[PDB]
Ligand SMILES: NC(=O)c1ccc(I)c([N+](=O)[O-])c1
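For reference, the chain that follows is the form deposited without this ligand, supplied as structure tokens.
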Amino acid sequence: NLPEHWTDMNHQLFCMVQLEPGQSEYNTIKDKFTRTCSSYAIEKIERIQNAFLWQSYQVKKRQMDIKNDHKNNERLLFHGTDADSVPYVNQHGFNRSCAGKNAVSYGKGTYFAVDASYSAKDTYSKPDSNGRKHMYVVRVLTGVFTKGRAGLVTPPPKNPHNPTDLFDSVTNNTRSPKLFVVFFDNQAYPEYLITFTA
């Protein structure tokens, strides 16, 4: 079911594709980033073609689209990480079991930012030994969300008398969301990897 604009991988299951400045695909990501990170410079933007992560993600998206009916369940968000984590995320995606405690914790899960400026902090996109910083542009199934709490290992129930019917994700603030936390595998597809510098 792979997207028809992907490069042919020749029966291979994984590839990183370097994008060209001046293509709409590169420029939309550069514009989304520079909206809040004008003081940084992009080295390169790579499209992540991961057949297995895409398949599992698209199954979860179809399930949430059925369960929620006519919600926009998917947001495009940012995730800063260290160079050591890039090979794992490219191949296997975002694993809550490896996530650090956030400085403002809304639950024990993987964090995604609305603004590139948040993810660009050195605490998330740690500069490597050559001064390169790494940030993913991620399709995230935020679905129906509520304000999180530090104790959570899953999203909370919608209704306390029905403990297994859950919100899809949590946020810092439902009125003005700046971060989302997800608690399940294959709820986030790493779509682009931005390499950038001071």
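Between two forms, the rigid core is defined as the largest C-alpha subset superposing within 1.5 Å. Residues that one form lacks are left out of the comparison. Start at 1 with the first residue shown and count on from there.
Colleague: Taking only the other compared entries that model residues on either side of residue 107, decide whether it is unmodelled in at least a third of them.
Modeller: Per the records, residue 107 is modelled in all the other entries.
Colleague: Can you let me know which of the two, 34 to 42 or 140 to 148, has the higher average C-alpha B-factor in the entry?
Modeller: The entry gives the higher C-alpha B-factor average to 34 to 42.
Colleague: Could you settle it for me: does 23 to 31 or 53 to 61 have the higher average Cα B factor in the PDB entry?
Modeller: Per the deposited B-factors, the answer is 23 to 31.
Colleague: With respect to the C-alpha temperature factors reported in the PDB entry, which of 113, 76, 120, 98 ranks highest?
Modeller: Going by the entry's C-alpha B-factors, 98 comes out highest.
Colleague: Taking the chain's C-alpha temperature factors as the reference, tell me which third residue 83 falls into: lowest, middle or highest.
Modeller: Answer is highest: the recorded C-alpha B-factor places it there.
Colleague: Sort the modelled residues of this chain by their C-alpha B factor and say whether residue 135 lands in the lowest, middle or highest third.
Modeller: It falls in the bottom third of the chain.
Colleague: Taking the C-alpha B-factors as the PDB entry records them, is residue 127 in the lowest, middle or highest third of its chain?
Modeller: According to the entry, residue 127 has a C-alpha B-factor in the chain's highest third.
Colleague: Just say lowest, middle or highest third for the CA B-factor of residue 170 relative to the other modelled residues in its chain.
Modeller: Lowest third - that is where residue 170 ends up once the chain's C-alpha B-factors are sorted.
Colleague: By the recorded C-alpha temperature factor, relative to the other modelled residues in its chain, which third is residue 72 in?
Modeller: CA B-factor rank for residue 72: highest third.
Keep in mind the form solved in complex with this ligand is missing from the figure; the text below concerns it.
Colleague: Taking any heavy atom pair closer than or equal to 4.5 Å as contact, tell me whether residue 179 reaches this ligand in the entry with it bound.
Modeller: Residue 179: yes, in contact with this ligand in the entry with it bound.
Colleague: Looking at this ligand in the entry with it bound, which residues in 88 to 119 have at least one heavy atom within 4.5 Å of it?
Modeller: Sequence-ordered list: 103, 111, 112, 113, 118, 119.
Colleague: If you line up the core, which of 73, 117, 81, 102 has a CA that moves 2 Å or more between this form and the one not shown?
Modeller: C-alpha shift of at least 2 Å: 102.
Colleague: Distance change of 3 Å or more between the C-alpha atoms of residue 139 and residue 102 in the entry with it bound: closer or farther compared with this structure?
Modeller: Farther apart, by at least 3 Å.
Colleague: Kindly indicate if, in the entry with it bound, the C-alpha atoms of residue 108 and residue 104 are closer or farther apart than in the structure shown, bearing in mind the change is 3 Å or more.
Modeller: It is closer: in the entry with it bound, the C-alpha atoms of residue 108 and residue 104 lie at least 3 Å nearer than they do here.
Colleague: Suppose the core is superposed; which segments, at least 3 residues long, show C-alpha displacements of 2 Å or more throughout between this form and the one not shown?
Modeller: 101 to 104 is the only stretch that shifts between this form and the one not shown.
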